[PDB]
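Here it is: the structure, laid out below.
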Amino acid sequence: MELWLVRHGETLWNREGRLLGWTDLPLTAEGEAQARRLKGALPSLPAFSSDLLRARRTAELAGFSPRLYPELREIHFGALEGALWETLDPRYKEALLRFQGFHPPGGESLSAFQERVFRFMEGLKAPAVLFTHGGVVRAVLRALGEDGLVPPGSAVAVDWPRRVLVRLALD
């Protein structure tokens, strides 16, 4: 199934290097610029989006009117929301780098996050564009055996659950 995943435009915590999960930050001016550039660069397909502001706004500026699903939200970092990556306990750093065994207090475990994301994707019956988050795109790319890091406001098309089709980044 052809699915286009879009990482929302940048927020202040991208440059600041803070864990950004359910904290509902708005897009920066550049983030909105990134979203506008996606318009015309993404296929005209049904759209779905995380209900968090930064994702919804990216979808809007990109020219879509998505159906909202909390299932497309970034992982819930719990007590680690807003934590500087730099000062994160080594155990958490390793868990996030290896993408396994991560369960922050008051938040979601990586396994629960994956179950949520993959259950949502399995339910998609036709090609669509998904406005979502870095961790969601990462979960998908990693499951397809590739490095999951993509720039803010960029997209990746995949033939789910088989392979990555293309990565699209704009200057």
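Most exposed first by the Cβ proxy, i.e. fewest other Cβ within 10 Å, how do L20, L124, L25 rank? Mind showing how you got there, number by number?
Working: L20 24, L124 15, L25 18.
Exposure proxy ranking, most exposed first: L124, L25, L20.
Only bridges with both residues in the chain count here: give the DSSP antiparallel percent, nearest 5.
Details: 11 of 21 bridges.
So the antiparallel bridges in the chain amount to around 50 percent.
With θ set to phi - 60°, apply the Karplus curve 6.51 cos²θ - 1.76 cosθ + 1.60 along the stretch 72-78 and write out the HN-Hα couplings as whole Hz, x wherever there is a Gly or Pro.
Each residue of the stretch 72-78 in turn: 8, 5, 5, 5, 7, 6, x Hz.
Order by neighbour count: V164, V140, fewest other Cβ atoms within 10 Å first, most last. Working shown, then result.
Values: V164 17, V140 24.
The order, fewest Cβ neighbours first, is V164, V140.
Mean Kyte-Doolittle of at least -0.5 plus a Cα span of 24 Å or more along the axis: flag which DSSP H helices in the chain meet both, please.
none
Starting with the fewest neighbours, write out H103, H133 ranked by other beta-carbon atoms found within 10 Å of each beta-carbon.
Values: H103 14, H133 24.
So the ranking, lowest neighbour count to highest, is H103, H133.
Throughout, read-outs are computed from the coordinates displayed, never taken from laboratory work. Cβ coordinates were reconstructed from backbone atoms using ideal geometry, including for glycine residues, and neighbour counts include every protein chain displayed.
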